[PDB]
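Read the structure below first, then the notes.
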Amino acid sequence: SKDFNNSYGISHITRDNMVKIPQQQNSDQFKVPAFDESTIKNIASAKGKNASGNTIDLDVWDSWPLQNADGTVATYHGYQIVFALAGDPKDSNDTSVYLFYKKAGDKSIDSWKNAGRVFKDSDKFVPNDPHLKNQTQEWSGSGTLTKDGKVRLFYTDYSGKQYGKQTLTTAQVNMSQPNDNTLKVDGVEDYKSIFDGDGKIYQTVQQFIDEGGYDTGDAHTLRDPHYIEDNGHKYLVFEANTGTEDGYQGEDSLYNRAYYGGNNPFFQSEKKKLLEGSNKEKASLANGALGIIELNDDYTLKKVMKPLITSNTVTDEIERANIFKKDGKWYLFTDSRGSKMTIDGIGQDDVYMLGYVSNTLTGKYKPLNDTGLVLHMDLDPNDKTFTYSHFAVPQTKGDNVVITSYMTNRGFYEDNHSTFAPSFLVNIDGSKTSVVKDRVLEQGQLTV
Ligand SMILES: [Ca+2]
């Protein structure tokens, strides 16, 4: 019949694993710790210029640490460095990368200084690039300290003028130290696009357009590039959507057993309900994927590779791709909004970090804690301590990783700007994770 089973030689976030999450999630093993409201502060140095040209307090969102090749937090001439998306809510659709820095031993949020924006608004027009001139926003990515001791950034070039086109982009950030307690961004070089989708393995913005995306409610993604090295090879892992040959979006996807898991009765009943309901469109269009490309030594595209994992029928958005090696195993994480999911029992208030483990980088990823659930955040978006963009930072030693995130901090009474959330620990052991109880760290802490 119309029923089939195609894995496309890749792993999947299955409906069966997802349906089990609501009954599993109400547990301190998985719940993002409650944060103390009275202790929360804005990032003090987080000040810049609005569109009007006046200096204001910035909102600070997605942030990522400068990492060593294996994912550990780098030290750059005595400083830890964090790249953060920031902006003025009166520009709203304006997002730029900022460089924050702190002496390695310092702990407090007040110790974080701001070297300012990585890019000047003129920087994107300088190189001979196919895409950069059309950029409207700087979206998330990663930072790596090279062998050569260079600061190498990866970020997302977003073009709202080109229908929301998203390009994986790289640049070397040139740094200097004016004095012993200051870092300065000198400017950028090696500033070039890397990848914007191929069409067969990863969806292009043109396919999104052609299929009438803005009408259908489709969501096109090609963002959050995360740098990783393995066996001498260099890779980016990133948020994307499937292409025409690795399980394309559409109604046929609802007949593909690979996306359901469980038994035949489960598949038959779940499919029936999907094809019937108001979720039929949402599910059909849902084709999120965690993609992977290999880079050359100059950080240009070497090879477009098949996705590590997809979330067909489940969601169109698995964000903040993250991956590292621990204990000889490969751990893959992604954040997800319940509002973007099609799963019964998962609501608009639900926000997750999901997690998967494989013995090899491109091998089969199996769900952590049987379902994939690692973190659950369900605080209302109006709560002061709402957190988002949860990210696992691997540590030099020990079984714990540091979870960083931002805190929207939208209080009636100050402080009241998006800031670093207090960090915390998650214990990793085999295919099983747990929030380390009562070990809340400082806002924006990277290492323990
Ligand atoms: Ca889609």
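Identifiers for the structure tokens are assigned positionally: chains receive A, B, ... in sequence, residues are indexed from 1 per chain, and ligands are indexed from 1 in the order shown.
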
Go through chain A residue by residue and, counting only C-alpha atoms and all ligand atoms, keep those with an atom at most 7 Å from ligand 1; for each kept residue give the shortest atom pair and its distance in Å to one decimal, ordered by chain and increasing number, as JSON lines.
```
{"residue": "A:218", "atom": "CA", "partner": "ligand 1", "partner_atom_place_in_ligand_line": "1 (Ca)", "distance": 5.1}
{"residue": "A:219", "atom": "CA", "partner": "ligand 1", "partner_atom_place_in_ligand_line": "1 (Ca)", "distance": 5.4}
{"residue": "A:220", "atom": "CA", "partner": "ligand 1", "partner_atom_place_in_ligand_line": "1 (Ca)", "distance": 6.3}
{"residue": "A:241", "atom": "CA", "partner": "ligand 1", "partner_atom_place_in_ligand_line": "1 (Ca)", "distance": 6.2}
{"residue": "A:249", "atom": "CA", "partner": "ligand 1", "partner_atom_place_in_ligand_line": "1 (Ca)", "distance": 5.7}
{"residue": "A:285", "atom": "CA", "partner": "ligand 1", "partner_atom_place_in_ligand_line": "1 (Ca)", "distance": 4.2}
{"residue": "A:286", "atom": "CA", "partner": "ligand 1", "partner_atom_place_in_ligand_line": "1 (Ca)", "distance": 4.5}
{"residue": "A:287", "atom": "CA", "partner": "ligand 1", "partner_atom_place_in_ligand_line": "1 (Ca)", "distance": 4.5}
{"residue": "A:288", "atom": "CA", "partner": "ligand 1", "partner_atom_place_in_ligand_line": "1 (Ca)", "distance": 6.6}
{"residue": "A:316", "atom": "CA", "partner": "ligand 1", "partner_atom_place_in_ligand_line": "1 (Ca)", "distance": 5.1}
```

Write out, as a short mmCIF file (atom, residue, chain, number, x, y, z; two decimals), in the first residue's frame, the residues just selected, with N, CA and C atoms.
```
data_model
loop_
_atom_site.label_atom_id
_atom_site.label_comp_id
_atom_site.auth_asym_id
_atom_site.auth_seq_id
_atom_site.Cartn_x
_atom_site.Cartn_y
_atom_site.Cartn_z
N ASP A 218 5.50 26.50 6.33
CA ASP A 218 6.78 25.78 6.34
C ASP A 218 7.83 26.65 7.02
N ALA A 219 8.86 26.01 7.58
CA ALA A 219 9.94 26.74 8.23
C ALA A 219 11.29 26.27 7.70
N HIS A 220 11.97 27.17 6.98
CA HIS A 220 13.26 26.85 6.37
C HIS A 220 14.41 27.23 7.28
N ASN A 241 17.04 21.27 7.11
CA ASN A 241 15.86 20.52 6.74
C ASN A 241 16.23 19.55 5.63
N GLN A 249 10.08 16.42 2.90
CA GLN A 249 8.81 16.81 3.47
C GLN A 249 7.68 16.52 2.48
N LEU A 285 4.92 18.95 6.64
CA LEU A 285 5.96 19.93 6.39
C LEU A 285 7.15 19.76 7.33
N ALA A 286 6.94 19.07 8.45
CA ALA A 286 7.99 18.94 9.44
C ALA A 286 9.10 18.02 8.93
N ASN A 287 10.25 18.62 8.62
CA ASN A 287 11.40 17.83 8.16
C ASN A 287 12.75 18.31 8.70
N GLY A 288 12.78 18.66 9.99
CA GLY A 288 14.03 19.06 10.65
C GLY A 288 15.12 18.01 10.53
N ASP A 316 9.86 20.85 12.50
CA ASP A 316 10.60 21.42 11.40
C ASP A 316 11.82 22.16 11.93
#
```

Which residue of A:20, A:445, A:135, A:7 approaches residue 109 in chain A most closely, using only C-alpha atoms:
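Closest residue, counting only C-alpha atoms: A:445.
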
Mind the document's chain letters and residue numbers, and return as an NGL selection string the residues of range 147-314 of chain A that DSSP labels alpha helix (DSSP H).
:A and (205-210 or 213-216 or 264-276 or 280-285)

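By only C-alpha atoms, and with residues fewer than 2 positions from residue 121 in chain A along its chain excluded, the set lying at most 12 Å from it is residues 51, 94, 95, 96, 97, 117, 118, 119, 123, 124, 125, 126, 132, 133, 134, 135, 136, 137, 138, 187 and 188 of chain A.
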
Restricted to C-alpha atoms, what would the selected residues look like written as a PDB file, in the first residue's frame?
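Output file result_20.pdb is given in full below:
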```pdb
ATOM      1  CA  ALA A  51      19.546  52.150  15.481  1.00  0.00           C
ATOM      2  CA  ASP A  94      18.238  43.227  14.382  1.00  0.00           C
ATOM      3  CA  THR A  95      20.726  40.705  15.715  1.00  0.00           C
ATOM      4  CA  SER A  96      24.512  41.067  15.796  1.00  0.00           C
ATOM      5  CA  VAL A  97      27.328  38.981  17.259  1.00  0.00           C
ATOM      6  CA  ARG A 117      30.521  43.708  17.824  1.00  0.00           C
ATOM      7  CA  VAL A 118      32.617  41.217  15.882  1.00  0.00           C
ATOM      8  CA  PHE A 119      31.555  42.779  12.558  1.00  0.00           C
ATOM      9  CA  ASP A 123      32.446  44.213   6.852  1.00  0.00           C
ATOM     10  CA  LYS A 124      29.958  42.106   4.850  1.00  0.00           C
ATOM     11  CA  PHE A 125      30.411  44.196   1.678  1.00  0.00           C
ATOM     12  CA  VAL A 126      34.216  43.892   1.534  1.00  0.00           C
ATOM     13  CA  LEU A 132      27.246  38.252   2.309  1.00  0.00           C
ATOM     14  CA  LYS A 133      26.154  41.525   0.632  1.00  0.00           C
ATOM     15  CA  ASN A 134      22.539  40.419   1.205  1.00  0.00           C
ATOM     16  CA  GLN A 135      22.844  39.622   4.909  1.00  0.00           C
ATOM     17  CA  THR A 136      20.295  41.340   7.188  1.00  0.00           C
ATOM     18  CA  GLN A 137      21.039  39.561  10.498  1.00  0.00           C
ATOM     19  CA  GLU A 138      23.872  37.637  12.168  1.00  0.00           C
ATOM     20  CA  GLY A 187      38.449  43.508  12.465  1.00  0.00           C
ATOM     21  CA  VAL A 188      37.936  40.372  10.363  1.00  0.00           C
TER      22      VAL A 188
END
```

Considering only C-alpha atoms, can you say which of A:400, A:408, A:278, A:179 comes closest to residue 89 in chain A?
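Ranking A:400, A:408, A:278, A:179 by distance to residue 89 in chain A, first place goes to A:408.
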
Neighbour list for residue 245 in chain A as a VMD selection string, cut-off 10 Å, only C-alpha atoms, skip fewer than 6 positions in-chain
chain A and resid 8 199 to 203 306

Could you write out that same residue set with C-alpha atoms as a CSV table (one decimal), in the first residue's frame?
```csv
chain,number,residue,atom,x,y,z
A,8,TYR,CA,17.6,6.7,4.4
A,199,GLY,CA,18.6,20.5,-2.7
A,200,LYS,CA,19.1,16.8,-2.5
A,201,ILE,CA,20.5,16.3,1.1
A,202,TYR,CA,19.6,19.7,2.6
A,203,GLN,CA,16.7,21.9,1.5
A,306,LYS,CA,24.0,12.9,4.9
```

Do you know which residues are at most 7 Å from range 62-73 of chain A counting only C-alpha atoms, after dropping those on the same chain fewer than 2 positions away, and could you put them as a list in words?
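The residues satisfying every condition are residues 75, 81, 82, 83, 84, 85, 140, 142, 143, 144, 145, 228, 229, 324, 389, 393, 394, 395, 396 and 406 of chain A.
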
Rank nothing, just name the residue among A:223, A:152, A:103, A:271 nearest to residue 2 in chain A, using only C-alpha atoms.
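With only C-alpha atoms as the atom set, the closest residue is A:271.
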
Counting only C-alpha atoms, which of A:448, A:350, A:305, A:260 gets nearest to residue 12 in chain A?
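Counting only C-alpha atoms, the residue closest to residue 12 in chain A is A:260.
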